[PDB]
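# Structural features, examined
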Amino acid sequence: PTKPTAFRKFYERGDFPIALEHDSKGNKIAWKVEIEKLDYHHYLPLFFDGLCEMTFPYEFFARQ
Amino acid sequence: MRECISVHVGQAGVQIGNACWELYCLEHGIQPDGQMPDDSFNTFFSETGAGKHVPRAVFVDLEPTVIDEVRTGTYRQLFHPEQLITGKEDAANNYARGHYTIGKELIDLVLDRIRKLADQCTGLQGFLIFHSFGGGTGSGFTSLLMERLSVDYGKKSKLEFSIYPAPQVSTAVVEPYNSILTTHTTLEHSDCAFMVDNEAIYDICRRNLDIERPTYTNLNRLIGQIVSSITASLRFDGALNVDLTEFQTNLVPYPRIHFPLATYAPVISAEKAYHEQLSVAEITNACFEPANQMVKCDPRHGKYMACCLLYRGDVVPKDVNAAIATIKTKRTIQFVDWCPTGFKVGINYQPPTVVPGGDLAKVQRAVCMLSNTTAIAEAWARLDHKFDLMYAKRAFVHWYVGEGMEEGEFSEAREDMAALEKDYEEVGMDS
Amino acid sequence: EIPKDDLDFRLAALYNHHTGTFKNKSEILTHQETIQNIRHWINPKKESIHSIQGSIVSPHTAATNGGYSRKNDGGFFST
Amino acid sequence: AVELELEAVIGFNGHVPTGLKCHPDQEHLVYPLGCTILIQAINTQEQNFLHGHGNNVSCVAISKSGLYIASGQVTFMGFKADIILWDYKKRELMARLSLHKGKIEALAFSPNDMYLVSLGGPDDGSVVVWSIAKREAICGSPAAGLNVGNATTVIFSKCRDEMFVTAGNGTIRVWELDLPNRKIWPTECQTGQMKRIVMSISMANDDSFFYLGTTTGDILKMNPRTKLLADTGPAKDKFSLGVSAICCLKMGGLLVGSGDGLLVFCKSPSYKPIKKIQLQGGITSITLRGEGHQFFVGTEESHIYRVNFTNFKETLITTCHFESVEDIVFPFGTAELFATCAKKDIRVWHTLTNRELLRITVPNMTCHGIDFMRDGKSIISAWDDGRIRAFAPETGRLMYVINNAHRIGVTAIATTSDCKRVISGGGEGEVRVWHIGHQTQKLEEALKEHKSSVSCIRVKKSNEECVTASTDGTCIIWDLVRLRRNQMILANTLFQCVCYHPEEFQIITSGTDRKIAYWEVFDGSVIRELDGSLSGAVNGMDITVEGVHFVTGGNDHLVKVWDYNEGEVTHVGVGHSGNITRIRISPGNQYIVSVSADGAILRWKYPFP
Amino acid sequence: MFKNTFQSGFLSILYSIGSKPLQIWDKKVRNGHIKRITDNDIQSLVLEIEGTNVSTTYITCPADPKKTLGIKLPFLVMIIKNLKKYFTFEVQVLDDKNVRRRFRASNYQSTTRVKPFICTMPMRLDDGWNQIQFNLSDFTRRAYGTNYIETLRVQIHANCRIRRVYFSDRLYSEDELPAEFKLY
Ligand SMILES: Nc1nc2c(ncn2[C@@H]2O[C@H](COP(=O)(O)OP(=O)(O)OP(=O)(O)O)[C@@H](O)[C@H]2O)c(=O)[nH]1
Ligand SMILES: [Mg+2]
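Residues numbered from 1 in each chain as written, not as in the entry; some residues may be left out. Chains lettered and ligands numbered in written order. Part of a larger assembly, values for the part shown. Heavy atoms only, no water.

In the PDB archive, cryo-EM is given as the structure determination method for this entry, at a resolution of 3.52 Å.

### As for the overall build of chain A
Selection criterion: Here a helix means four or more residues in a row that DSSP labels H or I, a strand means two or more in a row labelled E, and each is numbered from the N terminus. Whether a residue is buried, partly exposed or exposed follows from its accessible area with a 1.4 Å probe, protein chains only, as a fraction of its type maximum: under 20%, in between, or over 50%, in that order. To measure how exposed things are, a 1.4 Å probe is used in the Shrake-Rupley method; for residues, cover is taken only from the protein chains shown. Working convention for charge: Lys and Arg count positive, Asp and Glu count negative, and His plus the chain ends are omitted. Each charge is placed at NZ for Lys, CZ for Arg, CG for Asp and CD for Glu.
Within chain A, the secondary structure is distributed over 3 helices and 2 strands. Scanning chain A from its N terminus toward the C terminus, one meets helices and strands in the order α-β-β-α-α. Principal-axis analysis of the C-alpha atoms places the extent of chain A at approximately 35 × 30 × 20 Å. Counting every position in chain A, which comprises 64 residues, the buried fraction comes to 36%. Of the roughly 4200 Å² that chain A leaves accessible, carbon and sulfur atoms contribute 58%. Separation of charge centres in chain A, based on 9 positive and 10 negative side chains, amounts to 4 Å.

### Topic: the site of ligand 1
Residue and element names in this part refer to chain B. What counts is decided by this rule: Any residue with a heavy atom positioned within 4 Å of a molecule or strand is treated as near that molecule or strand. In protein, a polar contact requires one atom able to donate a hydrogen and another able to accept it; more generally it is a pair of N or O atoms within 3.5 Å, and residues adjacent in sequence count only if both atoms are side-chain atoms.
Within the structure, ligand 1 sits among 21 residues, and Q15, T137, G138, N198 and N220 are positioned closest to it. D61 places a side-chain nitrogen or oxygen 3.1 Å from an oxygen atom of ligand 1. Within the side chain of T137, an N or O atom sits 2.6 Å from an oxygen atom of ligand 1. Burial of ligand 1 by the protein chains amounts to 89% of its free accessible area of 630 Å². Elements represented by at least two residues in the shell around ligand 1 include exactly α1 (10-27), α5 (137-149) and α8 (216-232). Looking at the shell around ligand 1, the element that brings in the most residues is α1, giving 5 residues.

### A short note on the arrangement of the chains
As a reminder, the rule being used: Whether two residues are in contact is decided by their heavy atoms: any pair within 4.5 Å suffices.
The pair of protein chains exhibiting the most contacts, out of 6 pairs of chains in contact, is chains C and D. The two units chain C and chain E are non-contacting; their minimal C-alpha-C-alpha distance is 22 Å.

### Re the packing of helix α13 (residues 376-392) of chain B against helix α15 (residues 407-428) of chain B
Residues and elements named next belong to chain B. To be explicit about the condition: Note on method: axes are straight lines fitted to C-alpha atoms, helices fitted across the in-contact stretch only, with angles between N-to-C directions ranging 0 to 180 degrees. Oblique is the label for any angle not under 35 degrees, not over 145, and not in the 65 to 115 range, which are roughly parallel, roughly antiparallel and roughly perpendicular in turn. Less than a right angle of anticlockwise turn of the near helix away from the far helix marks a crossing as left-handed, whereas a clockwise turn marks it as right-handed. Just so you know the grouping, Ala, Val, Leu, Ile, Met, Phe, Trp, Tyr, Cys and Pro go in nonpolar, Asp, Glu, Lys and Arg go in charged, and all remaining residues, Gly too, go in polar.
Contact pair α13 / α15: the axes reach a minimum separation of 10 Å and the direction vectors enclose 155°. In terms of their interaxial angle, α13 and α15 are classed as roughly antiparallel. For the pair α13 and α15, the sense of crossing is left-handed. Packed against α13, whose contacting residues are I376, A377, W380, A381, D384, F387, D388 and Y391, the element α15 presents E407, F410, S411, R414, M417, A418, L420, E421, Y424 and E425 at the interface. Residue classes in the contact of α13 with α15 are distributed as 11 nonpolar, 1 polar and 6 charged.

### Examining the sheet that holds strand β50 (residues 549-553) of chain D
Residue and element names in this part refer to chain D. Let me state the cut-off plainly: Criterion used throughout: strands pair if DSSP finds at least two bridges between them.
Pairing is antiparallel in the open sheet, where 3 strands are placed in the order β49-β50-β51. The sheet terminates laterally at β49 (541-543) and β51 (559-563), the two strands that pair on one side only. Neighbouring strand axes in the sheet, compared pairwise and without regard to direction, differ in orientation by 15° on average. With 3 bridges joining them, β49 and β50 adopt antiparallel strand pairing. From the neighbouring strand, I543 faces β50, where its bridge partner is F550.

### A short note on the nonpolar core
The line we're drawing: In these notes, a set of buried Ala, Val, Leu, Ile, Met, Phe, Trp, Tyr and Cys residues joined through side-chain atoms within 4.5 Å is what counts as a nonpolar core.
Core analysis: the largest hydrophobic core is formed by 55 residues, its most contacted members being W21, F45 and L370 of chain B. A per-element tally of this core places α1 of chain B first, with 7 residues.

### Details of the interface of chain D and chain C
The test is simple: Accessible area that two parts lose when put together, evaluated with a 1.4 Å probe and summed over both, is termed the buried area. One side-chain nitrogen of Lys or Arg within 4 Å of one carboxyl oxygen of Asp or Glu is enough to make a salt bridge.
Across the boundary between the two partners, chain D contributes 29 residues, which contact 21 residues of chain C. For the pair chain D and chain C, the summed buried area comes to about 2100 Å², and 56% of that belongs to carbon and sulfur atoms. The tally of links from chain D across to chain C stands at 1 salt bridge. The dominant element in the side of chain D that touches chain C, judged by the number of residues it contributes, is strand β32 (residues 356-361) of chain D, at 6 residues. Of the residues in the side of chain D that touches chain C, the class split is 10 nonpolar, 7 polar and 12 charged. Inspection of the sheet shows strand β1 (residues 39-42) of chain C paired to β32 of chain D by 4 bridges, in the parallel sense. Note that in β32 of chain D the partner of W41 of chain C across the bridge is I360 of chain D.

### Quick look at the packing of aromatic side chains
Put simply, the test is: Only rings of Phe, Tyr and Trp enter the pairing, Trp through its six-membered ring, and a pair is recorded when the two centres are within 6.5 Å. The plane angle decides the type: under 30 degrees is stacked, over 60 is edge-to-face, the rest tilted.
Under the criterion given, the structure shown has 58 aromatic pairs over all chains. Measuring from ring centre to ring centre gives 5.4 Å for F309 of chain D and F312 of chain D, while their planes differ by 80°; the resulting arrangement is edge-to-face. Just as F309 of chain D is buried, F312 of chain D falls in that class too. In textbook terms, an aromatic cluster arises when at least three aromatic residues are bridged by ring pairs, as seen for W21, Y24, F44, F45, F59 and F79 of chain B.

### Observations concerning a nonpolar patch on the surface
Worth spelling out the cut-off: Grouping into patches uses exposed residues only, defined as over 30% relative accessible area, and leaves out salt-bridged ones; the cut-off is 9 Å for like charges and 5 Å for nonpolar side chains (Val, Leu, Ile, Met, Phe, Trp, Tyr).
Where nonpolar side chains cluster on the molecular surface, the patch consists of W31, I35, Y40, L44, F48 and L51 of chain A and spans about 590 Å² of accessible area. In this structure, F48 of chain A sits in the loop between α2 (40-47) and α3 (56-63).

Following this line, the structure appears as structure tokens:
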């Protein structure tokens, strides 16, 4: 059985600068800020925590 | 999978939305509480984790009187607590207090909620917006939204339902202004703008049906079914289906020309219906009749450029073909020179759904004709003239320049609606 | 109920050791066993007579229609 | 035309001020119930009737001797109201005394019985003096000044020359009577700058001070001998919706009421509560059983109370519908439960001893329909909103509501015996057919023929069709199984009730033309045409389950026993004053029960098995 | 709770201009009093809480002790008038290692001390009305090696005068602050 993670809790707070960009071509993530200047110590351990989720709008943001 | 987010900006939007959402709740059996006592709901609703199909819509109106009614009524459970958004004061029939002042205060909450509603979608196929040109929210806040969604969902089509300034009958004295100033900032952002006045639908309620003293309620329910008919192919099964994108690519010619109309077909009352056959031929021809259109603009005073006969119910594909052939012959209905076909069709094998407590009857067939006529220039020229008359003696312009809006904007808007007029002329001319 | 003497002291002796001051070894424990037309329905929502959802009543009654108006074709109006 | 028997009466018109009264013999209550005034016995089911009056009575006035009882009715504006004297010992009309145009608000007798003050009319307000000896007028004057407004109250004193009126506009005026010159002489009482709106008067037993109950929640005590104020009411914690009843005791105390039911016994100087008990409904009458140990309080939501002074413990002795009651229906099998159905309320009652067991109130709303499903698991109701509410038989919870059922109200309703279908009428003239599932309440068909409005649904014994009386002169036998019609029964009357004769081959129809007529279910032809009541129209019928007797009531305020095969009449009446709306044979063929335009539930011992 | 709220650049939990400012707040008054009105320099209503005991009378932003408001905004700014008396206030935060942690600022404390469930620090008020900016994301980092998640409580003690207790996304200068958030 899975446990709710910090990737979920940081999402409805809105800390992630992401939105599910709906391409007709596919599902990409639109980034409101540059990926290069992101704090990698805050986001990589947090985006890896979202792998455990299987519901669509959260597992896609972890995968992509 | 194929979902569409519906946004209701302005008293109208909400009022018409309280009618459109009622119908959806019935077609896809979802009781007011939000419970279904298989996948058609996706297009409009979204299941939680306990049969709480919650609407995929956003209701926004600065003044908290129309959304508070929803919050304290039948569909208090259906709509998500935070999907209904309000402010404090109103735009007081002033574009400025919706696109420059109060609007700004609510644009970053309305937008954030659309994002959340779009991030849970798997195939956003369009953003339907229910606005009312006359008001300051249905012209100002809707401009902010369409001027924002464009810089956030460029590809995503943005269809737009709109109660248009009725020929003579009108409520506010500044409606002329709001409309012109809002087309300037919505013509370059919307994909196609479905237009419905109020004079016409009032008549259709008295004559075609039998309702003396028709109110907004009645009007909103017929507009509600036009939406059901357009979105039916995306949620029920059919023989020739038509998705949101397929509307624009077969209805919008020269980019700017994007102002289609809307006519239902079996708008008959109970007593009358029984005594009638309502065949594909009849309902089809009834749609082209210049007294069933819902935007008083004498179809005969112009040329159709791209009709879209979207049907629903028992419609044998053969009868359809025949029916449309007849229409092509009759010369009263004249098409242009650069549109040989101009007849995108569509059949959805789902009989019209009777709103328990409406005025329409149990017809087992219907057609929704979305036509791109070049007669809407007449209506556009009327509003254009009204502006001039008032702007000449800078009438209610002090109110507009106080909430943020240079007098220049008025001039650009006028010169841009003039371009719309010129364009429609250079689209009716022959080769 | 009690399996042994510790639970007899631990159970509902009604002796608060914070509050009980200068008791005796008898009042150290005081067990609880020692001590001892019309059905009215109100609808929650309270609406108004001027918020009825429906068609609006003609001031002329249906059988008469004293303000006798018709359509352009002269049809009836029902209701 | 043998009279049956009139056992038991539920009903009280609490909307009048100064209603429920107890004559000084201390053994019978007196209260108004329409254009009649009842005499209910204390400690005995015995009750009698004072007939007379054309329209609804607004006043009662009983004497200190008890020998004379007077009353006063409303009428259409421009027409003359009638003040009817009576004798309590023989209950018979002895005066008509018609002077006041419009209506009446208040009556009071002289201490020893020889004059009557009968101030009458928001249209023609003018105080008059009557004679109890000559049955004739004596004096007359306008009861209010031209600067001030209109007066609605009267009282006498301990000397028969004073007559005192208050107003809803402040006309506190102590008059004096001048027989030789045949005139009255007023004197406005100065009260400082306290202009108030007051609706109740009581005086002390030793003629000291008169007491007022204002709308502000303030007891005004003033002097009739110096024409001045003496003491204002509660300084802080004032009363609710204005004091609508005051009754000064033999002591220096006073039982002060309220528009909420806060009956308070307070003393003179502070007007501060001593013993408070909350009554349901706004207090409209505070009587005294003579000496004052058992004072009976009446309320506008008509509930007669019984309070002992020395403990202030109540006993609800009477409970009534305070508005017009329509549709009485019985549960299947048993005959000891009612469905008394009115504006703002739905009630059930025990037949043998009249006592309500459930009250179902949907705010300020009206229910023109009620029905009981065969399983006895839902009381189906038809409300004015357009929603078919189905309450539960016990508790009273709303099991389901059918939102937007009909446009202009749902008037007539009926369930089916299979407990799956509720046939619904409408004020727009539509017959809807709903399906009652375990979780859904859907629509199956919208059958629309009737133009005006539907009046009465009736369903047969084994469900295949239903008859729907309508206000446009049509009664259709709709085919319920195949969702169509079968008949086009037509007449020139506004139909108001239809019933299925057992062994269904013919239907009995009623209406406005009083032409009670058997109609066949095949070919829809006239069968008989009986004459109803010679006075008005017929609202309501019920045929017994043996098809030998159908009962009838109408605008003619009168229950009518009619056997079937021959059209002879076994008429009874002498019932209640108020338009009989519906009537229902008991399932056990043991009582017949009729409702009326004024809230009244009558039971008659049904003859003729 | 404040969880479904967007929590934008501004969020106010108490503002003295309104019908019931202390609606979500819980009032505990003991040998003191609470009032709402005095115009000394700004001609506006400012809430007063003061009493002879500073640690006993106070106001707490979540009324129910089980409920906690969740605000992700790192900067915590209140506008408090100096009264030259004892004033303290609380803030309780949730940490990334899931520890209920508290901070205290006081007028009557000489030196600061940090240890695991309470960090108490001194404070010097100005002469009159001032605003103070309690950077929660930095005080949860200097005091303990910890990141900020969300606050849970704020509590304001006696001998102070209160207007516009609010959170902010980041520190704002006086000019870019909007008109309804200004000191004057
Ligand atoms: N068809 C239809 N039109 C409506 C309805 N309600 C409002 N309208 C139209 O809305 C126009 C004016 O806009 P408003 O109703 O004031 O709504 P708004 O856009 O929020 O304007 P403000 O509240 O002043 O900012 C009127 O001219 C009406 O034609 C409705 O229920 N049905
Ligand atoms: Mg508005």
